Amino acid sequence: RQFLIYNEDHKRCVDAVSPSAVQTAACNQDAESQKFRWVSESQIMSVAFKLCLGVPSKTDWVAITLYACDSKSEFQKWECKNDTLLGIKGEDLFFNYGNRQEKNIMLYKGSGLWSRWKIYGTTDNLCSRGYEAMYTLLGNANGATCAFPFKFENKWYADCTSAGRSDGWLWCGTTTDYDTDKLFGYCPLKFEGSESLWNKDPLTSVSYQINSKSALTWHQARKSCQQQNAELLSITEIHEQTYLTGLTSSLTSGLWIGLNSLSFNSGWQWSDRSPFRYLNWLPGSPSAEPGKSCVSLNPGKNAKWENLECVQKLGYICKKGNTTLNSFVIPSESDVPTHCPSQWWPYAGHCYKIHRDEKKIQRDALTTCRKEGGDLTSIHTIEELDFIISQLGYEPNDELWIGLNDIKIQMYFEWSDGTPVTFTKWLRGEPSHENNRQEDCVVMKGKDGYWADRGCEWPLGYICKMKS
């Protein structure tokens, strides 16, 4: 994420010569003095010197030099303007080439070519590479973010290091003076041994990372997974729950997983957009108390789930990988010219119709769909859900049976027509109260056609979808 700062007009690059001299030289990508990187939302640090570029004051024609990095100093905060302009934050003054008299780099009112900078090698500005907090793994800092620069054995370190360690793992101090506070962690980056931080499941090849020594909020936890090209754990199959129950059987403190109700207009959902089709709540969850929108896996209570306040500082599980297990059935393709019986309307090779003639409990409804040559409808895309609520005479106060249910295995929803569950859109507060029955059927209700699970023993209208 390092870079050289490059001036196209001069075809030359910024070079740090001393804490009191920042100049330019020929663009040498192997010269550390010309290497720079963001270390916060607004500061840019010299890799060679571990000091941030700054100005003595927000005033015209002053020298830009290296200062001790400081998150509160208005005089080291930078931002990109126009495109290639790099300006001190809050004022129309700009990182400028200077002149052969100073040789130094200068702050200046002028927005010409001498004030316009892009990342060497690239054609995009400096804010394109940007800065992200980097949460540590294992270590004693409980997952705190790296602090750049940091002091280790009276030496300063610009990025993560394998110094003071013969195993070669990459670490960082989480306060600037590691020699004093002694707080560290391992960096979420590739190195020989990096992968032994993951448990790969031999059945599916999906990888899992159990961060039980950490205390992050839900949102912090999610960002630590995302920066590892992963995401918070989704639990989509009976097997996956079981593998994870095994992996955490020795733990007791809760661990964040990706299940949340943060979107207002809908209900429970996985942060990786997996369908929410396998349920494993602890008794008394999900609780309806309004602050508890993020879900934790409780390894000390058999790896069942509970929703908590998203600000609690727990451990977390990340999940990386695509499963090798093919599904048993794949949906059969459609037939682009589809003819439909009377009062049935096509979409994507299937005909649909809403029944409200006489309400039936879910089983009688499903029976009537099959006497008519189809089933209770399955839904696999938001496009398909939009078709149903738009083109079939659907009304916002409707409550209609669809094919989702867990009559085979409770807590595991399947489509009555046997197609895989690729997509779920739960109503706000749904699904709920599977603990109060043994069969969960699923209706479509509300202005948006979102789904609620309920008891199957209830007379309702229903939606049928025939075959191709």
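Residue positions are given as counts along the sequence shown, with the first one as 1.
Please compare 249-257 with 100-108 and say which has the higher mean C-alpha temperature factor in the record. Per the PDB entry, the higher value belongs to 100-108.
Decide which of the stretches 32-40 and 411-419 has the higher mean C-alpha B-factor, going by the entry. Of 32-40 and 411-419, the stretch with the higher C-alpha B-factor average is 32-40.
Largest Cα B-factor, entry values, listed residues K223, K213, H239, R165: In this record, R165 carries the highest C-alpha B-factor of the candidates.
Would you mind finding, among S207, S71, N140, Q228, the residue with the largest C-alpha temperature factor in the entry? Among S207, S71, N140, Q228, the PDB entry lists the largest C-alpha B-factor for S71.
Considering every modelled residue of the chain and its Cα B-factor in the PDB entry, is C456 in the lowest, middle or highest third? Within its chain, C456 is a middle-third residue by C-alpha B-factor, going by the deposited values.
Could you say whether, by C-alpha temperature factor, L85 belongs to the lowest, middle or highest third of its chain? Highest third, going by the recorded CA B-factors of the chain.
Per the entry's values, where does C172 land by CA temperature factor relative to the rest of its chain, in the lowest, middle or highest third? Answer is lowest: the recorded C-alpha B-factor places it there.
Report the third (lowest, middle or highest) to which the CA temperature factor of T65 belongs, ranking only the modelled residues of the same chain. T65: CA B-factor falls in the middle third of its chain.
Among modelled residues of the same chain, the CA temperature factor third for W114: Tercile = middle for this residue's CA B-factor.
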